[PDB]
**Q** 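Below are the structure tokens for one structure; questions will follow.
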Amino acid sequence: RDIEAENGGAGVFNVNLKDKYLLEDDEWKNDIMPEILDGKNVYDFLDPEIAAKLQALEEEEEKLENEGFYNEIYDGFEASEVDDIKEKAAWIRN
Amino acid sequence: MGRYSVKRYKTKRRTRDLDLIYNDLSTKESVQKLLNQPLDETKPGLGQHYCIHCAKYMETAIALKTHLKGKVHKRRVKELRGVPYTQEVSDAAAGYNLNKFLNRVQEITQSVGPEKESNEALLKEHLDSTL
Amino acid sequence: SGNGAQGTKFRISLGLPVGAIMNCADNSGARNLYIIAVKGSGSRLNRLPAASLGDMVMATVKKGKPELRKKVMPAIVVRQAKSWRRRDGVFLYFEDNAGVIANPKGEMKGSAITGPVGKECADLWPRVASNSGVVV
Amino acid sequence: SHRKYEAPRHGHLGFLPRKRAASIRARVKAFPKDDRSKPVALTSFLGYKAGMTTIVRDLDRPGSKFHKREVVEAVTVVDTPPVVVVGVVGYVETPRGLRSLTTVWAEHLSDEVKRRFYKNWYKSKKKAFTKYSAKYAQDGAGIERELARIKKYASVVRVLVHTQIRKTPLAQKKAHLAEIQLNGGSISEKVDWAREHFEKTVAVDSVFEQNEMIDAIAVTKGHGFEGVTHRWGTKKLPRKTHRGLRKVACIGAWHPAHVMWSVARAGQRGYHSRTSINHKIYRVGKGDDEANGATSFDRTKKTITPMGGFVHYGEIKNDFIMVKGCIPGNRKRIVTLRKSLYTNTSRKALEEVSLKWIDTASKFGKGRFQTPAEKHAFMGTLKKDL
Amino acid sequence: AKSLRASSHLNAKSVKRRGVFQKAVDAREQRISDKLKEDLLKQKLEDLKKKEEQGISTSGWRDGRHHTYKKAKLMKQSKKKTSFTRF
Amino acid sequence: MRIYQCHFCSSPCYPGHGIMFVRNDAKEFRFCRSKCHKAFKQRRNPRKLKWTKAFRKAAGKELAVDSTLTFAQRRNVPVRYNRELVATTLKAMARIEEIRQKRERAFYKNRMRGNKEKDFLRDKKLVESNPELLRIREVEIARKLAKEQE
RNA sequence: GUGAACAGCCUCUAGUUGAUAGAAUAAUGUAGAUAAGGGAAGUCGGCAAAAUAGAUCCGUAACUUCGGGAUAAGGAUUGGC
RNA sequence: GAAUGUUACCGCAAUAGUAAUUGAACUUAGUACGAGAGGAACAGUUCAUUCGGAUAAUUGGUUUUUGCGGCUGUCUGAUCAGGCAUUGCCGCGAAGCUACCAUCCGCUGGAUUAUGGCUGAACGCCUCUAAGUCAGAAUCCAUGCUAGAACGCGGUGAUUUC
RNA sequence: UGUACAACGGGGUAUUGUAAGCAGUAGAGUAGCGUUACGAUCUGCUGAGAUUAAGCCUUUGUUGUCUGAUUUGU
Ligand SMILES: [Mg+2]
Ligand SMILES: [Mg+2]
Ligand SMILES: [Mg+2]
Ligand SMILES: [Mg+2]
Ligand SMILES: [Mg+2]
Ligand SMILES: [Mg+2]
Ligand SMILES: [Mg+2]
Ligand SMILES: [Mg+2]
Ligand SMILES: [Mg+2]
Ligand SMILES: [Mg+2]
Ligand SMILES: [Mg+2]
Ligand SMILES: [Zn+2]
Ligand SMILES: [Zn+2]
């Protein structure tokens, strides 16, 4: 109340709540915490060892890529023949 | 927007929710309490003859029997079969609290489900015997 | 903004004009409250005094104890079915209109409140917040 | 005899007559008082109203119930590309008021501002200012004499500027020309500033900045001929009243044997000049900023333009002013932004605005997504994508 | 309540107005003037870079057109007896 | 400030959008649109309405169980603010979203394989079943080619 | 054809396509609708509107000239296959 | 809306009108005052009542968008696609319009009244009054807001080749 | 005779709610000889299909259009 009275008084003084934070670094007190990123909430992704979790996800992704997860002719027909069949069927429908 | 839907689903004319009815039917104690109700002068039939599935009071036991022999009651009973669709289902569909949704689904499949089914069967045979 | 209310009140959409009937959410024996006046209401020709969430009204008990009936008592509105805007960014509403019986100092006659209580009313009245089990 | 129940009259008698405005550009009736000690500055600016959107603000207001809390507020976006200085006008004081003494124009004018002088541009030979431009030859005598006359005699100096309407999505090609008063040093300093700024552009951040209170001057949206009930707010007469219920039942019952000027009558609603004051600037956005719609809390790289663009307006590709609330006029209308006429003494004039989020969902419907990338991410793969 | 035109409220407003509000106004005006000068300098630099590729008595009449028009106007006013200041 | 998911259709609910309904048991129901709110008031089943994420997940139109879908959950135990942890989270969110989009694309491609075979069989059957129209087509093409030649 | 039905709605035979027209979509009207929350606080007065409605089953008070009251009241239901 | 050379742009302001209002809250403070019981205000801040002017980002209402879908009866042989039922009926419904059912905004200089004074005679006391003069009310006149004399005005651009 | 204008077309942005056609072993049962026939409905191709300026945004495409009449002088 003495600080408030010497600065602005009641209803004028704007106290900084971040001054009482017990952080690892005192330079982090006046840091703006992000909340939104591309339609997602940051707070429900925030977690320690998320680096390890993302590393495990990357290992799984590499395994899927190696296995081949992401990768015109029929029995008795050639590509030109099936193109002719498709073209004639489109003509018939029209 | 139209008058029929407006005057049926006004907020002051709202009915009890399906998940609440499922919670009522899941536990045997709740079913016993709803079957043995105190005499209330403000209720139809003095608070007796209460259909738990439809959450509806009848004036008489014959009215309750006719209600049980009907498609509206069958419609509600069919609606009360599966997962109750709480907010966790929509969160999981959006991709949020998926593990919590999976745990709830497996709990319903394992423990809550068959107990609710047995309670429903006992209620059905009790109503058939007494009516 | 009423005697016993803690601080100022920001404007809420009005849901309950004079003549409305709301449920009684306390355990004093009343079943419903019939609004006859709104405390702090303005003066305008032809305009009905109307209450909102957190407002103090004068109410008569229509259904309840015979000793409780046939008198006018102060009440506080704790639920309304008319949608109102919260400054955090959503419009919201309850199923019913409901209030609790209080004294002119804002103290509850009953000892507990059943059903949810609006944050505006609970923050405005300290005794409602003390007797509330569910706050939104 | 006397009226039994008192009631305030319907409508404001100071906004009479309720007629159509003379011009679509509303006149600035007063400028801030000039202080000769201050540096040279413009007193107003021109913009085009684009639309409205929504923000979330982290409020710092001691004594308020919403102190240290979030509030959702509506804002108006005004597209403000830089204006171009093309002239200067000197005003002397007379017992009959302010009188314009002389006007000096720049040597080169663009077709945008030349079109303001024509009713049929495509058929004209485009001869405007073609002989005036010849007075700049051989050291500019005449131009120098008129500038010296303004320095010697004028008590008020105004600068003639015009909008760069080609930068907006507007279908109109004709620019808007207006006088903006110069408040600053001496008359000679104002004249020197105007002369050195001929054919130069002034941007909106060299007139206003963030957290400043400004005034909006514009013509309201027209509504045509209107009855008394919605023109003045009178109560409707009971059902099936003879000769209509959307009327005043008795326009006169007393001695003067006339209809009083203070009685509500049917007529024109809207399209009036209006000056509203004390609108706080929430953002001064730069048009070359790739993320002028992003905040420190919201890391999404996006601009101010909503999905699908502003309805009936288009995209915002220039500097913009985001003020809170609403201003008179409709979308795509020219508006004048004026400096405050007095030193505001409210704490809201000293508050610093920090925005946490800016809404960029589509205004063409119930917009659910902020970006097309977000919409694609939510929906997934469509039939035509495969 | 005290009106908007109440003398004591206006006096207190003036006392407040002479302080922090006027100081903030002055600081904003200085910043805006600096930005305006920077904008003019940037336009000058862009014009110089563009040109790199390519490379007093006020007495009497204003002009002859003004002299002829004003003399004809005054002669017409004298002839038609429609002058504001001259019989 | 938080992005909520619609109770009916799981669409994102941004601040100042939609409407909330509070029940007697303190359950909040947020709806992104009046459409979803009115469907809920009419007591329709979102697992029966096809345009909802609940229906799509139940019917298998899009993948529902994956490693990239377990990174988002409500955090009821807060952690102390850490600048490097925040930066790592901000990069991880982008990486997770990119991987999830790739897997969703793969799931849809696996679901839609076989369509080319079905369309080819339908086209072949139509061509076999319409001989006379094919003769008309041949006559028209021959007349057009003769016109081009002369 | 639907339906208890010469009801209302649609159709076949037969007969009409007549009644000054065109362009725009201000106020006020004439005729017809919808509306959040509350529910007669409106008004001399619930004026006007709204609500009810067919059919099957259960059930139905005072009073009474014993014939009635009575469709009293109050409830459950209705599609398709 | 004719006319005073024509035509165009930017302005001035005679005159006329004029608008804001009330309550509560924090602090001052459980302080002055008071045996006690009780209990203020100025300065500094925050909301709300009534009124007024706008505005449609959001929420709500509205639907001939006859936009999408569905239902009854009949009719076009059936499917498909459709007609009619004086907008057939039911659900959603953009755009537009709109709501204290939604949101925003609404000021500051001179002169005064009652009254309190200063100097000071009348009247060798005295006296705010006689001459002179200081302050002082939601009052007055302005600032600010609306219109702009169609017979008030200024500055500026262009001014015809048969 | 051009960041020219228009009529279409394209891409976005929105509204609704999954088109027509084909197929299945899903379908209470019933009839004939495990099969076949009928069968409300269910499922897949299919957030499909339809509409989207008439006062939405945008546009390297296609096709065209650019013209008559009257009056005015210090
Ligand atoms: Mg009255
Ligand atoms: Mg209004
Ligand atoms: Mg919109
Ligand atoms: Mg209503
Ligand atoms: Mg009455
Ligand atoms: Mg009355
Ligand atoms: Mg009777
Ligand atoms: Mg004070
Ligand atoms: Mg039909
Ligand atoms: Mg004296
Ligand atoms: Mg005039
Ligand atoms: Zn039932
Ligand atoms: Zn939704």
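Here is how names work: the chains are called A, B, and so on, in the same order as the sequence lines, proteins then strands, and each is numbered from 1. Worth knowing before you read on, the calculation uses all heavy atoms, side chains too, and leaves out hydrogens, waters and symmetry mates.
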**Q** Syn or anti: how is H/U86 classified when any glycosidic angle within 90° of 0 counts as syn?
**A** syn
**Q** Under a 3.5 Å cut-off for both distances, is H/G88 Watson-Crick or wobble paired, and to whom?
**A** H/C71
**Q** Assign a letter to each nucleotide of nucleotides 67-74 of chain I from its 5' end: B, base within under 4.0 Å of a protein heavy atom; S, sugar-phosphate only; -, no contact.
**A** --------
**Q** Look at the side chain of D/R27 and the base of H/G148, then say whether one donor and one acceptor between them are separated by less than 3.5 Å.
**A**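 Yes.
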**Q** Please name all residues satisfying side chain to side chain donor-acceptor pair (under 3.5 Å) with D/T381, sequence neighbours left out, ordered by chain then number.
**A**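 For D/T381, the residues satisfying side chain to side chain donor-acceptor pair (under 3.5 Å) (neighbours in sequence not counted) are F/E104.
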**Q** Would you mind classifying the nucleic acid contact of D/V311 as base, sugar-phosphate or nothing, using non-hydrogen atoms under 4.0 angstrom?
**A**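 Sugar-phosphate, no base atom in range.
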**Q** Scan nucleotides 153-162 of chain H nucleotide by nucleotide, 5' to 3', and note B when protein non-hydrogen atoms come under 4.0 Å of the base, S if they reach only the sugar-phosphate, - if neither.
**A** SBSSSSS---
**Q** How should the glycosidic conformation of G/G69 be described, syn or anti, under the criterion that syn lies within 90° of 0?
**A**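 You should classify G/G69 as anti.
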**Q** With D/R61, which residues qualify under side chain to side chain donor-acceptor pair (under 3.5 Å), at least two apart?
**A**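 So D/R61 forms a side chain to side chain donor-acceptor pair (under 3.5 Å) with D/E351.
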**Q** Taking it one step at a time, do D/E179 and D/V161 satisfy side-chain contact (heavy atoms from CB on, under 4.5 Å)?
**A** CA-CA 6 Å; D/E179 291 185 16; D/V161 309; over 6 Å; no
**Q** Using a 4.0 Å cut-off on protein heavy atoms (strictly under), produce a 5'-to-3' string for nucleotides 76-81 of chain G with B for base contact, S for backbone-only sugar-phosphate contact, and - for none.
**A** SSSBB-
**Q** For the NZ atom on D/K33, are there more than 12 heavy atoms of other groups (residues, nucleotides or ligands in this structure) within a distance under 6.0 Å?
**A**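 It does not: D/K33 NZ has 12 such atoms or fewer within range.
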**Q** NA contact type, D/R368, heavy-atom cut-off 4.0 Å: base, sugar-phosphate, or nothing?
**A** nothing
**Q** With sequence neighbours excluded, tell me which residues meet side-chain contact (heavy atoms from CB on, under 4.5 Å) with D/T220.
**A** D/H272, D/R274, D/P328
**Q** Once salt bridge (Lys or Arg N to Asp or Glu O under 4.0 Å) is applied, do any residues pair with D/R149, and if so which ones, sequence neighbours excluded?
**A** D/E146
**Q** For B/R3, which residues count as a salt bridge (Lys or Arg N to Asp or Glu O under 4.0 Å) partner, sequence neighbours excluded?
**A** none
**Q** Evaluate the stacking of H/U28 against H/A29, requiring that the six-membered ring centres lie under 5.5 Å apart and that the ring planes differ by under 30 degrees.
**A** yes
**Q** Check side chain to side chain donor-acceptor pair (under 3.5 Å) between F/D119 and all other residues, then give those that pass, not counting sequence neighbours.
**A**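 If we apply the side chain to side chain donor-acceptor pair (under 3.5 Å) test to F/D119, skipping adjacent residues, the hits are F/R122.
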**Q** Whole angstrom is fine here: how far is it from CG in D/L341 over to P in H/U143?
**A** 13 Å
**Q** Answer yes or no: does a side-chain N or O of D/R20 lie under 4.0 Å from OP1 or OP2 of H/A147?
**A** no
**Q** Reckon B/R3 touches a base, only the sugar-phosphate, or nothing at all at heavy-atom distances under 4.0 Å?
**A**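 Touches sugar-phosphate only.
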**Q** To the nearest angstrom, how far is F/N115 atom CG from I/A48 atom P?
**A** 12 Å
**Q** D/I277 has an atom CD1; how far is it from atom P of H/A19, in whole Å?
**A** 16 Å
**Q** Both D/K375 and F/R111 contact RNA chain I. Taking the nearest nucleotide for each, which residue is further toward the 5' end?
**A**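 Per heavy-atom nearest nucleotide, the more 5' residue is D/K375.
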**Q** At under 4.0 Å, does any side-chain N or O of C/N46 touch on OP1 or OP2 of G/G42?
**A** no
**Q** Any base atoms under 4.0 Å from B/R8, or only sugar-phosphate, or nothing? Heavy atoms, all strands.
**A**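 No contact.
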**Q** Give one of base, sugar-phosphate or nothing for D/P306, where a contact means two heavy atoms less than 4.0 Å apart.
**A** nothing
**Q** Could you run through nucleotides 55-64 of chain H and give me one letter per nucleotide, 5' to 3': B if any protein heavy atom sits under 4.0 Å from the base, S if only the sugar-phosphate is that close, - if neither?
**A** SSBBSSSSS-
**Q** Both distances below 3.5 Å, Watson-Crick or wobble geometry, any strand: find the nucleotide opposite I/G21.
**A** I/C45
**Q** Would you please name every residue forming a side chain to side chain donor-acceptor pair (under 3.5 Å) with D/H176, sequence neighbours left out?
**A** D/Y48
**Q** Examine the base of H/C100 for any acceptor or donor lying under 3.5 Å from a partner atom in the side chain of C/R11, and report the outcome as yes or no.
**A** yes
**Q** Please enumerate all residues that pass salt bridge (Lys or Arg N to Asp or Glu O under 4.0 Å) together with D/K114, with sequence neighbours excluded.
**A** D/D111
**Q** Could you check whether B/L64 gets within reach of a base, just the sugar-phosphate, or nothing at all, counting any heavy atom under 4.0 Å?
**A**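 Counting heavy atoms under 4.0 Å across all strands, no contact is made by B/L64.
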**Q** Rounded to the nearest Å, what distance is computed from the CD1 atom of residue C/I36 to the P atom of nucleotide G/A41?
**A**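 So the two atoms are 14 Å apart, to the nearest Å.
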**Q** From CD1 of D/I214 over to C1' of H/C104, roughly how many Å is that when rounded to an integer?
**A** 14 Å
**Q** Would F/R111 and F/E62 pass as an ion pair if we require N to O under 4.0 Å?
**A**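 Between F/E62 and F/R111 there is no salt bridge, as every charged N stays at least 4.0 Å from the carboxylate O atoms.
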**Q** Nearest to the side chain of D/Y342, heavy atoms from C-beta on, is which of H/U108, H/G52, H/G17?
**A** H/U108
**Q** Tell me the partner of H/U139, counting only Watson-Crick (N1-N3 plus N6-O4 or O6-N4) or G-U wobble (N1-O2 and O6-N3) with both under 3.5 Å; none if nothing fits.
**A**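 Matched H/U139 with H/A111 under the 3.5 Å cut-off.
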**Q** For I/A50, measure the glycosidic angle (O4'-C1'-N9-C4 for a purine, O4'-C1'-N1-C2 for a pyrimidine) and name it syn if it falls within 90° of 0, otherwise anti.
**A**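 Because its glycosidic torsion lies more than 90° from 0, I/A50 adopts the anti conformation.
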**Q** Under 4.0 Å, heavy atoms only, any strand: does D/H162 hit a base, just the sugar-phosphate, or nothing?
**A**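 No contact.
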**Q** Any idea how B/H67 and B/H73 line up, ring-wise: parallel (<30°), tilted (30 to 60°), or perpendicular (>60°)?
**A**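 B/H67 and B/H73: perpendicular rings.
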**Q** Any base atoms under 4.0 Å from D/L16, or only sugar-phosphate, or nothing? Heavy atoms, all strands.
**A**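 D/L16: base contact, heavy atoms under 4.0 Å.
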**Q** What form does the base of H/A149 take, syn (within 90° of 0) or anti?
**A**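 That one's anti.
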